[PDB]
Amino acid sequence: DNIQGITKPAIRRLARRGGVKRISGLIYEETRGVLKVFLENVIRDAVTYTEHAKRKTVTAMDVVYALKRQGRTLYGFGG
């Protein structure tokens, strides 16, 4: 599993919060590919910040900074 651990029902819940009524069977795999690309992009950058700071632990701040520079500023984790 892993990526396949992100389930049809979970993807459907997400779709529903985004206002989606009806879903093509091919959507679940499209969606997983997209989520993978999103995480690759954000994680690459976060890990690059971890490495700079000489740490073995990815912190919330590593993630937060990575998100900000991807134009995806997240509030709530700057402690």
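The term rigid core refers to the most C-alpha atoms you can superpose between the two forms while keeping them within 1.5 Å. A residue's number is simply how far along the shown sequence it sits, counting from 1.
Q: Which of 68-76 and 4-12 lies farther, on average, from the shown form in 4 other deposited structures of this protein once the rigid core is superposed (C-alpha RMS)?
A: Per-stretch check in 4 other deposited structures of this protein: the more divergent one is 68-76.
Q: Comparing average C-alpha B factors as deposited, tell me which of 69-77 and 3-11 sits higher.
A: Per the PDB record, 3-11.
Q: How does residue 21 rank on Cα B-factor within its chain, lowest, middle or highest third?
A: Middle third, going by the recorded CA B-factors of the chain.
Q: Sorting the chain's CA B-factors, does residue 27 end up in the lowest, middle or highest third?
A: It falls in the middle third of the chain.
Q: Sorting by Cα B-factor within the chain, modelled residues only, which third would residue 35 end up in: lowest, middle or highest?
A: For residue 35, the deposited C-alpha B-factor lands in the middle third.
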